[PDB]
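First, one chain by itself in structure tokens, the form deposited in one PDB entry.
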């Protein structure tokens, strides 16, 4: 039987699914540790920019988990993604150890802007600014890709890079009570928040795992952008970003929660 992770229900993805919006035709690049084939995922392609890791198979589990939150298939097993029909591209920019260089991440961005991706999910970040990454974020943006990035897990009142760059949409993590997770970075530049605690998703070995992190929050917004894009095919990245924010459920202070909790039902009405 298929289970609906709590976060999926929380962002109200099933209401959009019920209206016929599943992310069909939207190409979503997952810039991460790769994505492993799995019974509950459909991977359309990708490339690897990690030296020594030429395949787009995930040696860590992180990218596979993230990819399941965005598009785990709607069928009778496993879990269910926010946009179960989005077309997932594995753009491996992080090694199996979970970290990667600015160069790898910048090359994955350029790939996503070059190969017509609509949304790029960056469930990664560092405290360190990088002009090279800013330039790649900007370039992908100018090519129509909506870059969505994790705010970071330091707990601090400022946001990690690249989420701190203007053109990256910054996503914080909430818990089951709709409270900012204690690890969730916040502050200037935070756009919105989404479920980031006890998030069950796909894991290599045709299994499922529950993880915590702004890394898990990010993909619920990347999947919600694919629903909006399906609904409004002519909107650009900026229009989508702004609509997800204008329709989020406000939770209080924008400094702590950005615009609030992403809401896929509100955003696709």
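Positions refer to the first chain, counted from 1.
Not pictured, yet referred to below: the form solved in complex with a partner chain.
- Contact annotation: the partner chain lies within 4.5 Å of heavy atoms from the stretch 97-105 in the deposited complex, the single such stretch among 97-105, 189-197, 69-77, 140-148.
- The contact with the partner chain in the deposited complex, taken as any heavy atom within 4.5 Å, belongs to 62 out of 241, 62, 229, 38.
- The partner chain in the deposited complex comes within 4.5 Å of a heavy atom belonging to residue 128.
- Of the heavy atoms in residue 185, some are within 4.5 Å of the partner chain in the deposited complex.
- Using a 4.5 angstroms limit between non-hydrogen atoms, residue 154 touches the partner chain in the deposited complex.
- Although the partner is absent from this view, residue 174 stays clear of the partner chain in the deposited complex, with no non-hydrogen atom inside 4.5 angstroms.
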